[PDB]
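*Asks:* One structure, as structure tokens, below. Some questions next.
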Amino acid sequence: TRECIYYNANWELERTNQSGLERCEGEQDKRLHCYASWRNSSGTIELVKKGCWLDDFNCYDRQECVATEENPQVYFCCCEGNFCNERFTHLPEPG
Amino acid sequence: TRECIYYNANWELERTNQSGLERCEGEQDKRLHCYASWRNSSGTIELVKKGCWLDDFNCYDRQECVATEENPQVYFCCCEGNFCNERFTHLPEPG
Amino acid sequence: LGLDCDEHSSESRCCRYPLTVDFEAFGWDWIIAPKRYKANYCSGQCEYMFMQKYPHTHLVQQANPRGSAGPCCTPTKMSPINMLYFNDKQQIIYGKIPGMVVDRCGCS
Amino acid sequence: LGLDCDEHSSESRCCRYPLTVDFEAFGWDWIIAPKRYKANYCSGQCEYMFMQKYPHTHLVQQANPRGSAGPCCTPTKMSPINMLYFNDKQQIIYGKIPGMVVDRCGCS
Amino acid sequence: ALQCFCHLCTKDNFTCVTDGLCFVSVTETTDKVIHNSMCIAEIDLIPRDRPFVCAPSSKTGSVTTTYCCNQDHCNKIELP
Amino acid sequence: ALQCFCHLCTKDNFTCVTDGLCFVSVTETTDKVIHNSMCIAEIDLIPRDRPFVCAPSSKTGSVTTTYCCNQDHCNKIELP
Ligand SMILES: *[C@@H]1O[C@H](CO)[C@@H](O)[C@H](O)[C@H]1NC(C)=O
Ligand SMILES: *[C@@H]1O[C@H](CO)[C@@H](O)[C@H](O)[C@H]1NC(C)=O
Ligand SMILES: *[C@@H]1O[C@H](CO)[C@@H](O)[C@H](O)[C@H]1NC(C)=O
Ligand SMILES: *[C@@H]1O[C@H](CO)[C@@H](O)[C@H](O)[C@H]1NC(C)=O
């Protein structure tokens with residue numbers, strides 16, 4: 001199984017909790033992940049969404065949530081581990 | 001929709017009603033039928049089973065339940081219509 | 001919603017054709033009813049953007065070049081049939097047999 | 001349970017091979033994540049009595065002669081993926097997209 | 001119930017009806033320009049808020065412009 | 001967990017494991033005698049009380065004898 005940090009900056013209009021935990025329901029073979037998404041403009045971090053993330057090989061064997069895209073509009077990271085998406089950074093690859 | 005006569009000569013061990021009606025649940029396109037099955041040895045008719053029957057082109061456009069097999073071990077007929085399986089006969093084809 | 005075909009059609013694309021499966025032709029006398037039923041089958045060419053079954057089909061067909069092989073004409077909807085038969089314990093059984101009739105055909 | 005294959009295999013039969021669908025290679029920048037995912041595909045020959053998908057497959061393959069064409073190597077199990085993207089109303093959407101990953105391959 | 005042009009529906013007056021949307025696309029190859037038009041059922045618009053099939057795409061030596069709409073006979077090709 | 005002979009499982013020591021049953025068949029053609037052996041998963045035994053795959057069949061110029069069993073390595077061909 002898997003547990004992740006949950007956050008929805010749009011919680012009101014979707015009628016959902018703003019923050020908390022999410023118990024990830026998974027199938028027999030499929031692996032489970034956690035993800036975090038945020039905006040970053042003029043040094044101000046704006047959270048977008050956090051929660052469970054289905055089987056995705058981009059998140060395989062990643063214990064920490066690190067975004068890899070060079071200057072995107074909406075940053076994203078995913079990881080494998082319980083609550084691994086609580087902290088996140090932006091450390092892109094060399095090239 | 002469709003309704004048929006229901007009968008199960010094995011009702012006890014299957015823990016079901018012996019006789020009565022059965023409301024046939026059908027899908028959008030599929031047609032619905034009713035069927036009857038019985039044994040016939042030395043002039044004694046022994047009921048076997050009766051109930052709904054799923055889409056089967058052997059039962060298409062048959063308002064009366066008539067078995068067509070020449071001297072089978074377990075007679076069978078199916079029909080299209082509400083309670084059409086209440087009465088049944090054995091009138092095989094010419095050849 | 002796929003395309004239905006008969007011997008009076010000229011469709012080279014993925015189409016559903018009729019077929020009757022004959023249980024008696026196998027020598028199976030343990031099946032009381034039905035002796036035969038309409039099962040149909042899928043045949044025809046799967047040209048580009050024709051009756052794609054999954055979103056996966058559309059994505060790989062768009063991405064994957066012609067190399068090396070296109071989708072396969074395959075069922076996209078099945079339905080069950082009823083069957084009255086003797087089982088291995090010689091008991092009279094009324095069953096609902098799934099995956100027996102092809103209802104539609106698509107490209108996967 | 002089908003058979004998995006890679007470029008280091010010599011399997012002429014219906015097998016599941018790996019494939020990465022690249023959303024960025026389409027020019028789709030409205031998909032925040034994932035930029036690419038493993039979707040896989042089915043390929044290989046469907047010889048007789050090999051990985052038959054339905055009971056319908058076994059019955060027609062037994063009845064139908066060789067004429068005229070055998071089963072098609074097709075997915076027998078799919079799985080969804082998560083996707084974070086902008087929709088047509090430019091809203092951030094977290095969705096569960098079905099039918100995106102081929103898990104198994106069989107013969108239909 | 002929404003009618004669309006179907007370039008390959010040669011037996012239904014080149015017209016289909018769906019609960020989905022009308023589809024039309026122009027694909028420019030290095031040496032060819034082709035167009036396709038059809039109907040896309042509702043359950044095939046994945047995801048419904050931005051379907052893959054309705055999104056224009058491009059790859060090496062190929063550009064596919066698409067147009068999805070919900071008015072009757074709206075999937076029409078045109079010219080400058 | 002039930003092991004059976006698999007004539008074509010050339011990478012698993014010609015052995016498969018299933019929750020179903022072991023399968024083996026001999027098909028006599030006018031000019032050929034072939035045998036196949038494999039495992040049949042539980043969800044593929046349709047119907048479970050008398051599966052089609054485990055039933056012997058015959059047609060014009062072909063006879064397929066089959067044998068289904070649940071003991072370990074029970075799907076063996078034999079001779080008179
Ligand atoms: C809020 O959190 C609880 C605790 O897990 C969860 O059961 C519930 O589905 C969430 N959403 C709402 C609207 O209560
Ligand atoms: C935020 O964006 C700036 C560039 O404007 C970058 O240097 C910094 O590392 C980013 N930090 C995070 C946590 O995304
Ligand atoms: C008996 O008949 C009733 C009336 O339709 C039905 O609801 C019920 O399922 C049948 N079987 C049993 C065991 O009661
Ligand atoms: C019963 O079987 C006899 C033959 O033994 C046949 O002549 C008769 O028509 C059958 N009647 C019914 C109702 O099956």
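Residues in the structure tokens are numbered from 1 in each chain, the chains being A, B, ... in the order shown, and ligands are numbered from 1 in the order shown.
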Hey, which residues sit close to ligand 1? Say within 10 Å, counting only C-alpha atoms and all ligand atoms, and write them as a PyMOL selection string.

*Replies:* chain A and resi 6+11+14-23

*Asks:* Would you name the residues within 7 Å of ligand 4, counting only C-alpha atoms and all ligand atoms, and put them as a list in words?

*Replies:*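 Result of the 7 Å neighbour search around ligand 4: residues 40, 41, 42, 43, 71, 89 and 90 of chain B.
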
*Asks:* Compute the set of protein, DNA and RNA residues whose minimum atom distance to ligand 2 is at most 12 Å, using only C-alpha atoms and all ligand atoms, and state it as a PyMOL selection string.

*Replies:* chain A and resi 36-47+65-77+87-92

*Asks:* Could you dump the residues just selected with C-alpha atoms as a PDB file, in the first residue's frame?

*Replies:*
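Result file is part.pdb:
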```pdb
ATOM      1  CA  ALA A  36       3.547  17.247  -5.851  1.00  0.00           C
ATOM      2  CA  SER A  37       2.769  20.165  -8.159  1.00  0.00           C
ATOM      3  CA  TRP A  38       3.379  23.865  -7.616  1.00  0.00           C
ATOM      4  CA  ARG A  39       3.825  27.225  -9.370  1.00  0.00           C
ATOM      5  CA  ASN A  40       7.032  29.291  -8.897  1.00  0.00           C
ATOM      6  CA  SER A  41       6.987  32.926 -10.139  1.00  0.00           C
ATOM      7  CA  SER A  42       9.156  35.801  -8.821  1.00  0.00           C
ATOM      8  CA  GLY A  43      10.409  33.604  -5.985  1.00  0.00           C
ATOM      9  CA  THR A  44       6.925  32.924  -4.567  1.00  0.00           C
ATOM     10  CA  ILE A  45       5.953  29.250  -4.313  1.00  0.00           C
ATOM     11  CA  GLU A  46       2.263  28.577  -4.995  1.00  0.00           C
ATOM     12  CA  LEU A  47       1.048  25.051  -4.270  1.00  0.00           C
ATOM     13  CA  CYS A  65      10.444  14.564  -4.839  1.00  0.00           C
ATOM     14  CA  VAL A  66      12.625  16.519  -7.285  1.00  0.00           C
ATOM     15  CA  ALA A  67      11.329  18.340 -10.354  1.00  0.00           C
ATOM     16  CA  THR A  68      13.499  17.904 -13.447  1.00  0.00           C
ATOM     17  CA  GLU A  69      11.995  20.220 -16.090  1.00  0.00           C
ATOM     18  CA  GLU A  70      13.973  23.369 -16.896  1.00  0.00           C
ATOM     19  CA  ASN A  71      11.762  26.394 -16.129  1.00  0.00           C
ATOM     20  CA  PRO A  72       8.231  25.014 -16.629  1.00  0.00           C
ATOM     21  CA  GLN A  73       4.971  26.834 -16.016  1.00  0.00           C
ATOM     22  CA  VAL A  74       3.738  24.208 -13.525  1.00  0.00           C
ATOM     23  CA  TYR A  75       6.461  22.305 -11.691  1.00  0.00           C
ATOM     24  CA  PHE A  76       5.937  18.614 -10.969  1.00  0.00           C
ATOM     25  CA  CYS A  77       7.715  15.820  -9.122  1.00  0.00           C
ATOM     26  CA  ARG A  87       9.087  18.191   0.715  1.00  0.00           C
ATOM     27  CA  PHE A  88      10.009  19.007  -2.876  1.00  0.00           C
ATOM     28  CA  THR A  89      12.849  20.721  -4.726  1.00  0.00           C
ATOM     29  CA  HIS A  90      13.720  21.814  -8.273  1.00  0.00           C
ATOM     30  CA  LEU A  91      17.055  20.255  -9.297  1.00  0.00           C
ATOM     31  CA  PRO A  92      17.039  19.731 -13.079  1.00  0.00           C
TER      32      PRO A  92
END
```

*Asks:* Could you tell me which residues of chain D sit within 9 Å of chain A when counting only C-alpha atoms, and give me the result as a short mmCIF file (atom, residue, chain, number, x, y, z; two decimals) with N, CA and C atoms, in the first residue's frame?

*Replies:*
```
data_model
loop_
_atom_site.label_atom_id
_atom_site.label_comp_id
_atom_site.auth_asym_id
_atom_site.auth_seq_id
_atom_site.Cartn_x
_atom_site.Cartn_y
_atom_site.Cartn_z
N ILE D 32 1.09 18.72 -18.27
CA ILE D 32 2.17 18.99 -17.33
C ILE D 32 2.95 17.72 -17.03
N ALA D 33 2.24 16.64 -16.69
CA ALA D 33 2.86 15.37 -16.37
C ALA D 33 1.88 14.25 -16.68
N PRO D 34 2.36 13.10 -17.19
CA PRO D 34 3.77 12.89 -17.52
C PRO D 34 4.11 13.35 -18.93
N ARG D 36 6.13 11.74 -20.78
CA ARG D 36 6.20 10.47 -21.50
C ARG D 36 5.85 9.35 -20.53
N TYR D 37 5.31 8.27 -21.07
CA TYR D 37 4.95 7.13 -20.24
C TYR D 37 5.11 5.85 -21.04
N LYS D 38 5.22 4.74 -20.32
CA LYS D 38 5.41 3.42 -20.92
C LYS D 38 4.04 2.83 -21.23
N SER D 79 -4.51 -0.89 -18.19
CA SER D 79 -4.45 -0.17 -16.93
C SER D 79 -4.45 1.32 -17.21
N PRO D 80 -4.91 2.13 -16.26
CA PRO D 80 -4.92 3.58 -16.48
C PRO D 80 -3.62 4.25 -16.07
N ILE D 81 -3.51 5.55 -16.35
CA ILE D 81 -2.43 6.38 -15.85
C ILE D 81 -3.02 7.67 -15.31
N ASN D 82 -2.28 8.31 -14.42
CA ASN D 82 -2.62 9.64 -13.95
C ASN D 82 -2.02 10.68 -14.90
N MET D 83 -2.70 11.82 -15.00
CA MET D 83 -2.23 12.89 -15.88
C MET D 83 -2.62 14.23 -15.29
N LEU D 84 -1.67 15.16 -15.27
CA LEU D 84 -1.89 16.53 -14.84
C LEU D 84 -1.74 17.43 -16.06
N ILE D 92 -6.35 23.58 -14.35
CA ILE D 92 -5.46 22.50 -13.94
C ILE D 92 -6.31 21.31 -13.54
N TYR D 94 -6.41 17.10 -12.55
CA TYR D 94 -5.80 15.83 -12.16
C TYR D 94 -6.77 14.72 -12.55
N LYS D 96 -7.68 10.55 -14.19
CA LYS D 96 -7.35 9.14 -14.29
C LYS D 96 -7.78 8.67 -15.68
#
```

*Asks:* Fit chain B to chain A, using all C-alpha atoms paired in sequence order for the least-squares superposition, and then show me the result as a compact mmCIF listing (two decimals) with N, CA and C atoms, in the first residue's frame.

*Replies:*
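part_32.txt, written as the output of this step:
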```txt
# COMPACT_ATOMS: atom_id res chain seq x y z
N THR B 1 0.83 -1.20 0.00
CA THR B 1 0.00 0.00 0.00
C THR B 1 0.87 1.26 0.00
N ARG B 2 0.23 2.42 0.12
CA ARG B 2 0.94 3.68 0.03
C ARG B 2 0.09 4.79 0.64
N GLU B 3 0.76 5.73 1.31
CA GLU B 3 0.13 6.94 1.82
C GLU B 3 0.91 8.15 1.33
N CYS B 4 0.20 9.23 1.02
CA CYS B 4 0.82 10.43 0.49
C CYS B 4 0.22 11.66 1.16
N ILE B 5 0.94 12.77 1.03
CA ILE B 5 0.38 14.06 1.41
C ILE B 5 -0.63 14.49 0.36
N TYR B 6 -1.79 14.95 0.81
CA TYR B 6 -2.84 15.42 -0.09
C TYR B 6 -3.00 16.93 0.06
N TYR B 7 -3.11 17.62 -1.08
CA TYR B 7 -3.42 19.04 -1.09
C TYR B 7 -4.10 19.38 -2.40
N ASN B 8 -5.13 20.23 -2.31
CA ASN B 8 -5.87 20.70 -3.49
C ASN B 8 -6.13 22.19 -3.29
N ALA B 9 -5.37 23.02 -4.01
CA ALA B 9 -5.58 24.46 -3.95
C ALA B 9 -6.94 24.88 -4.49
N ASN B 10 -7.66 23.96 -5.15
CA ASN B 10 -8.98 24.22 -5.69
C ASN B 10 -10.06 23.51 -4.87
N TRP B 11 -9.81 23.31 -3.58
CA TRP B 11 -10.63 22.42 -2.76
C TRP B 11 -12.08 22.88 -2.67
N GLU B 12 -12.32 24.19 -2.69
CA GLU B 12 -13.67 24.70 -2.47
C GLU B 12 -14.61 24.29 -3.59
N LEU B 13 -14.24 24.59 -4.84
CA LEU B 13 -15.13 24.35 -5.96
C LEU B 13 -15.24 22.88 -6.32
N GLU B 14 -14.28 22.06 -5.91
CA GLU B 14 -14.36 20.61 -6.07
C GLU B 14 -14.99 19.92 -4.86
N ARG B 15 -15.31 20.68 -3.81
CA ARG B 15 -15.96 20.17 -2.61
C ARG B 15 -15.18 18.99 -2.03
N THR B 16 -13.92 19.27 -1.69
CA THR B 16 -13.01 18.29 -1.13
C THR B 16 -12.20 18.94 -0.02
N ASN B 17 -11.56 18.11 0.79
CA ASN B 17 -10.68 18.63 1.83
C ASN B 17 -9.53 19.40 1.19
N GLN B 18 -9.04 20.41 1.91
CA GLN B 18 -7.92 21.19 1.39
C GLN B 18 -6.60 20.43 1.53
N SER B 19 -6.36 19.82 2.69
CA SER B 19 -5.11 19.12 2.94
C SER B 19 -5.42 17.82 3.68
N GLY B 20 -4.37 17.14 4.12
CA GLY B 20 -4.52 15.89 4.84
C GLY B 20 -3.74 14.74 4.22
N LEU B 21 -4.23 13.52 4.41
CA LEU B 21 -3.60 12.33 3.86
C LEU B 21 -4.51 11.70 2.81
N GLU B 22 -3.92 10.84 1.99
CA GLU B 22 -4.67 10.05 1.02
C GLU B 22 -4.13 8.63 1.02
N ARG B 23 -5.01 7.67 1.29
CA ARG B 23 -4.66 6.26 1.23
C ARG B 23 -4.77 5.80 -0.22
N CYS B 24 -3.63 5.46 -0.82
CA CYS B 24 -3.60 5.09 -2.23
C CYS B 24 -4.06 3.65 -2.40
N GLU B 25 -5.15 3.45 -3.13
CA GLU B 25 -5.64 2.12 -3.47
C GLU B 25 -4.90 1.64 -4.71
N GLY B 26 -4.24 0.49 -4.61
CA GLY B 26 -3.48 -0.04 -5.72
C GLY B 26 -3.88 -1.43 -6.13
N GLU B 27 -3.55 -1.81 -7.36
CA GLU B 27 -3.82 -3.16 -7.84
C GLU B 27 -2.69 -4.09 -7.43
N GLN B 28 -2.78 -5.35 -7.85
CA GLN B 28 -1.85 -6.37 -7.38
C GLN B 28 -0.42 -6.07 -7.82
N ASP B 29 -0.19 -5.94 -9.13
CA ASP B 29 1.16 -5.74 -9.64
C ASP B 29 1.59 -4.28 -9.55
N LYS B 30 0.70 -3.36 -9.93
CA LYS B 30 1.08 -1.97 -10.13
C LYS B 30 1.72 -1.36 -8.89
N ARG B 31 2.75 -0.55 -9.11
CA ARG B 31 3.41 0.19 -8.06
C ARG B 31 2.67 1.51 -7.81
N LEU B 32 2.88 2.07 -6.62
CA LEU B 32 2.21 3.29 -6.21
C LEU B 32 3.22 4.38 -5.92
N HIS B 33 2.84 5.62 -6.20
CA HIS B 33 3.72 6.76 -6.04
C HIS B 33 2.98 7.91 -5.37
N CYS B 34 3.73 8.96 -5.04
CA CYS B 34 3.18 10.22 -4.58
C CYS B 34 3.73 11.33 -5.47
N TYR B 35 2.97 12.41 -5.60
CA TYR B 35 3.37 13.51 -6.47
C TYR B 35 3.07 14.84 -5.81
N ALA B 36 3.76 15.88 -6.29
CA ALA B 36 3.55 17.25 -5.85
C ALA B 36 3.63 18.17 -7.06
N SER B 37 2.78 19.19 -7.08
CA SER B 37 2.77 20.16 -8.16
C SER B 37 2.65 21.56 -7.56
N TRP B 38 3.37 22.51 -8.15
CA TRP B 38 3.38 23.86 -7.62
C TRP B 38 3.75 24.84 -8.72
N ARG B 39 3.44 26.11 -8.47
CA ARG B 39 3.83 27.22 -9.37
C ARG B 39 5.00 27.95 -8.71
N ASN B 40 5.87 28.59 -9.49
CA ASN B 40 7.03 29.29 -8.90
C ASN B 40 7.23 30.49 -9.83
N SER B 41 6.86 31.68 -9.35
CA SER B 41 6.99 32.93 -10.14
C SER B 41 7.53 33.98 -9.17
N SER B 42 8.54 34.73 -9.61
CA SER B 42 9.16 35.80 -8.82
C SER B 42 9.46 35.34 -7.39
N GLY B 43 9.97 34.12 -7.27
CA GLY B 43 10.41 33.60 -5.98
C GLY B 43 9.31 33.20 -5.03
N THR B 44 8.05 33.30 -5.42
CA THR B 44 6.92 32.92 -4.57
C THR B 44 6.41 31.55 -4.99
N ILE B 45 6.41 30.61 -4.05
CA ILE B 45 5.95 29.25 -4.31
C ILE B 45 4.45 29.18 -4.07
N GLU B 46 3.71 28.73 -5.08
CA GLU B 46 2.26 28.58 -4.99
C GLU B 46 1.92 27.11 -5.22
N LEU B 47 1.43 26.45 -4.17
CA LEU B 47 1.05 25.05 -4.27
C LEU B 47 -0.10 24.88 -5.26
N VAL B 48 -0.11 23.73 -5.94
CA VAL B 48 -1.18 23.41 -6.87
C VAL B 48 -1.92 22.17 -6.38
N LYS B 49 -1.26 21.01 -6.42
CA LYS B 49 -1.90 19.77 -6.03
C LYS B 49 -0.86 18.79 -5.49
N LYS B 50 -1.33 17.90 -4.61
CA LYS B 50 -0.52 16.84 -4.04
C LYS B 50 -1.42 15.64 -3.79
N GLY B 51 -0.87 14.44 -3.97
CA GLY B 51 -1.64 13.25 -3.71
C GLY B 51 -0.96 12.02 -4.27
N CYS B 52 -1.73 10.94 -4.36
CA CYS B 52 -1.24 9.69 -4.92
C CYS B 52 -1.06 9.82 -6.43
N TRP B 53 -0.21 8.95 -6.98
CA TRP B 53 0.10 8.94 -8.40
C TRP B 53 0.25 7.50 -8.85
N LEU B 54 -0.47 7.12 -9.90
CA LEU B 54 -0.49 5.74 -10.36
C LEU B 54 0.88 5.34 -10.92
N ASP B 55 0.99 4.06 -11.27
CA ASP B 55 2.24 3.48 -11.76
C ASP B 55 2.80 4.29 -12.91
N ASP B 56 4.00 4.84 -12.71
CA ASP B 56 4.66 5.68 -13.70
C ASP B 56 6.16 5.46 -13.55
N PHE B 57 6.81 5.06 -14.64
CA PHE B 57 8.24 4.73 -14.58
C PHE B 57 9.12 5.96 -14.36
N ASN B 58 8.58 7.17 -14.52
CA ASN B 58 9.36 8.36 -14.19
C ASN B 58 9.61 8.47 -12.70
N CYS B 59 8.73 7.90 -11.88
CA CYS B 59 8.83 7.96 -10.43
C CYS B 59 9.52 6.74 -9.83
N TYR B 60 9.92 5.78 -10.66
CA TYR B 60 10.50 4.54 -10.15
C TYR B 60 11.78 4.81 -9.37
N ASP B 61 11.87 4.22 -8.18
CA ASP B 61 13.08 4.24 -7.36
C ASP B 61 13.54 5.66 -7.07
N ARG B 62 12.60 6.52 -6.68
CA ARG B 62 12.90 7.90 -6.30
C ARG B 62 12.31 8.14 -4.92
N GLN B 63 13.17 8.27 -3.92
CA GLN B 63 12.74 8.46 -2.54
C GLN B 63 12.47 9.91 -2.19
N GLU B 64 12.90 10.85 -3.03
CA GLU B 64 12.69 12.27 -2.79
C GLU B 64 12.07 12.91 -4.03
N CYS B 65 11.23 13.93 -3.79
CA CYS B 65 10.44 14.56 -4.84
C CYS B 65 11.24 15.72 -5.42
N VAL B 66 11.79 15.52 -6.62
CA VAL B 66 12.63 16.52 -7.28
C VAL B 66 12.10 16.74 -8.69
N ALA B 67 11.72 17.99 -9.00
CA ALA B 67 11.33 18.34 -10.35
C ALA B 67 12.56 18.41 -11.25
N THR B 68 12.39 17.99 -12.51
CA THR B 68 13.50 17.90 -13.45
C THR B 68 13.36 18.79 -14.68
N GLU B 69 12.19 19.38 -14.92
CA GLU B 69 12.00 20.22 -16.09
C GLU B 69 12.64 21.58 -15.89
N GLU B 70 13.28 22.09 -16.95
CA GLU B 70 13.97 23.37 -16.90
C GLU B 70 12.97 24.49 -17.14
N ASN B 71 12.65 25.24 -16.08
CA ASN B 71 11.76 26.39 -16.13
C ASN B 71 10.39 26.13 -16.73
N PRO B 72 9.61 25.21 -16.17
CA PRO B 72 8.23 25.01 -16.63
C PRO B 72 7.24 25.99 -16.01
N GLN B 73 6.03 26.00 -16.57
CA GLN B 73 4.97 26.83 -16.02
C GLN B 73 4.41 26.24 -14.73
N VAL B 74 4.22 24.92 -14.70
CA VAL B 74 3.74 24.21 -13.53
C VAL B 74 4.76 23.12 -13.21
N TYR B 75 5.47 23.29 -12.10
CA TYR B 75 6.46 22.30 -11.69
C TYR B 75 5.78 21.03 -11.21
N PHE B 76 6.48 19.91 -11.35
CA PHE B 76 5.94 18.61 -10.97
C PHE B 76 7.07 17.69 -10.54
N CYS B 77 6.80 16.87 -9.54
CA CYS B 77 7.71 15.82 -9.12
C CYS B 77 6.89 14.66 -8.59
N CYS B 78 7.46 13.46 -8.68
CA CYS B 78 6.83 12.27 -8.11
C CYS B 78 7.90 11.37 -7.52
N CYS B 79 7.48 10.53 -6.58
CA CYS B 79 8.42 9.75 -5.78
C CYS B 79 7.75 8.45 -5.33
N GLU B 80 8.58 7.53 -4.84
CA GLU B 80 8.12 6.24 -4.34
C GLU B 80 8.45 6.15 -2.85
N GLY B 81 7.43 6.16 -2.02
CA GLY B 81 7.59 6.12 -0.58
C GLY B 81 6.43 6.80 0.10
N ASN B 82 6.22 6.43 1.37
CA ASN B 82 5.12 7.00 2.14
C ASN B 82 5.42 8.45 2.50
N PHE B 83 4.51 9.35 2.11
CA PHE B 83 4.62 10.78 2.38
C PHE B 83 5.88 11.40 1.78
N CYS B 84 6.44 10.78 0.75
CA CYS B 84 7.67 11.29 0.15
C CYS B 84 7.47 12.65 -0.52
N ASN B 85 6.22 13.03 -0.80
CA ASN B 85 5.92 14.28 -1.48
C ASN B 85 5.73 15.45 -0.51
N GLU B 86 6.05 15.27 0.77
CA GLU B 86 5.90 16.37 1.72
C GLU B 86 6.85 17.51 1.40
N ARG B 87 8.11 17.20 1.14
CA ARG B 87 9.09 18.19 0.72
C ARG B 87 9.44 17.96 -0.75
N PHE B 88 9.70 19.06 -1.46
CA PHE B 88 10.01 19.01 -2.88
C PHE B 88 11.05 20.06 -3.21
N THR B 89 11.84 19.79 -4.24
CA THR B 89 12.85 20.72 -4.73
C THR B 89 12.81 20.75 -6.25
N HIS B 90 13.59 21.67 -6.82
CA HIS B 90 13.72 21.81 -8.27
C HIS B 90 15.20 21.73 -8.61
N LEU B 91 15.67 20.51 -8.91
CA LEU B 91 17.05 20.26 -9.30
C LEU B 91 17.05 19.57 -10.66
N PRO B 92 17.08 20.34 -11.75
CA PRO B 92 17.04 19.73 -13.08
C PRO B 92 18.32 18.97 -13.39
N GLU B 93 18.23 18.13 -14.42
CA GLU B 93 19.36 17.34 -14.88
C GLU B 93 20.43 18.27 -15.47
N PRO B 94 21.65 17.76 -15.66
CA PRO B 94 22.71 18.62 -16.25
C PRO B 94 22.31 19.28 -17.56
N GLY B 95 21.76 18.52 -18.50
CA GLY B 95 21.35 19.08 -19.78
C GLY B 95 19.93 18.74 -20.16
```

*Asks:* Give the alpha helix (DSSP H) residues of stretch 11-64 of chain A, as DSSP finds them on the backbone, and put them as a PyMOL selection string.

*Replies:* chain A and resi 11-14

*Asks:* Run DSSP on the backbone and give me the residues of stretch 31-71 of chain E it puts in strand (DSSP E or B), as JSON, numbers by chain.

*Replies:* {"E": [33, 34, 35, 36, 37, 38, 39, 40, 57, 58, 59, 62, 63, 64, 65, 66, 67, 68, 69]}

*Asks:* Take the selection from the previous step and output its residues with N, CA and C atoms, as a tab-separated table (two decimals), in the first residue's frame.

*Replies:*
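Below is the file result-v4.tsv, written as the result:
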```tsv
chain	number	residue	atom	x	y	z
E	33	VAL	N	-1.57	16.12	-49.22
E	33	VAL	CA	-2.52	16.77	-48.32
E	33	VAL	C	-3.79	15.94	-48.30
E	34	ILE	N	-4.11	15.36	-47.15
E	34	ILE	CA	-5.29	14.52	-47.01
E	34	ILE	C	-6.18	15.09	-45.92
E	35	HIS	N	-7.47	14.76	-46.01
E	35	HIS	CA	-8.45	15.19	-45.03
E	35	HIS	C	-9.33	14.02	-44.64
E	36	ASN	N	-9.70	13.97	-43.36
E	36	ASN	CA	-10.61	12.97	-42.85
E	36	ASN	C	-11.67	13.65	-42.00
E	37	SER	N	-12.87	13.09	-42.02
E	37	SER	CA	-13.98	13.62	-41.24
E	37	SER	C	-14.82	12.45	-40.77
E	38	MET	N	-15.28	12.52	-39.53
E	38	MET	CA	-16.02	11.41	-38.94
E	38	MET	C	-16.74	11.92	-37.69
E	39	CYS	N	-17.42	11.01	-37.02
E	39	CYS	CA	-18.04	11.25	-35.73
E	39	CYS	C	-17.26	10.50	-34.66
E	40	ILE	N	-17.15	11.10	-33.48
E	40	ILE	CA	-16.45	10.49	-32.35
E	40	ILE	C	-17.45	10.36	-31.22
E	57	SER	N	-1.71	17.65	-33.64
E	57	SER	CA	-0.42	17.04	-33.38
E	57	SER	C	0.53	17.35	-34.53
E	58	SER	N	1.80	17.01	-34.32
E	58	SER	CA	2.83	17.22	-35.33
E	58	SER	C	4.02	16.32	-35.01
E	59	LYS	N	4.67	15.85	-36.07
E	59	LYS	CA	5.88	15.05	-35.95
E	59	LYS	C	6.78	15.36	-37.14
E	62	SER	N	5.24	15.78	-40.85
E	62	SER	CA	3.79	15.60	-40.83
E	62	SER	C	3.18	16.57	-39.84
E	63	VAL	N	2.09	17.22	-40.25
E	63	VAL	CA	1.36	18.16	-39.40
E	63	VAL	C	-0.12	17.87	-39.56
E	64	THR	N	-0.79	17.57	-38.45
E	64	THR	CA	-2.21	17.20	-38.45
E	64	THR	C	-3.00	18.27	-37.71
E	65	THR	N	-3.67	19.13	-38.46
E	65	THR	CA	-4.61	20.09	-37.90
E	65	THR	C	-5.97	19.41	-37.73
E	66	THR	N	-6.60	19.64	-36.59
E	66	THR	CA	-7.88	19.02	-36.28
E	66	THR	C	-8.89	20.08	-35.85
E	67	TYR	N	-10.16	19.70	-35.90
E	67	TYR	CA	-11.25	20.59	-35.50
E	67	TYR	C	-12.40	19.75	-34.99
E	68	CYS	N	-12.82	20.00	-33.76
E	68	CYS	CA	-13.95	19.31	-33.14
E	68	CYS	C	-15.03	20.32	-32.80
E	69	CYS	N	-16.28	19.95	-33.06
E	69	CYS	CA	-17.40	20.87	-32.91
E	69	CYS	C	-18.68	20.08	-32.69
```

*Asks:* For stretch 7-10 of chain D, list every protein, DNA or RNA residue within 12 Å, evaluated using only C-alpha atoms, and leave out those in the same chain fewer than 6 positions away; present the list as a VMD selection string.

*Replies:* (chain D and resid 16 to 19 44) or (chain F and resid 10 to 11)

*Asks:* Next, dump the selected residues to file, keeping only C-alpha atoms, as a PDB file, in the first residue's frame.

*Replies:*
```
ATOM      1  CA  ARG D  16       4.143  -7.715 -25.197  1.00  0.00           C
ATOM      2  CA  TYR D  17       6.961  -5.334 -26.190  1.00  0.00           C
ATOM      3  CA  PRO D  18       7.853  -2.020 -24.507  1.00  0.00           C
ATOM      4  CA  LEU D  19       7.062   1.381 -26.003  1.00  0.00           C
ATOM      5  CA  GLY D  44       3.772 -11.594 -32.807  1.00  0.00           C
TER       6      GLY D  44
ATOM      7  CA  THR F  10      11.346 -23.406 -23.771  1.00  0.00           C
ATOM      8  CA  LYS F  11      12.517 -20.810 -21.217  1.00  0.00           C
TER       9      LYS F  11
END
```
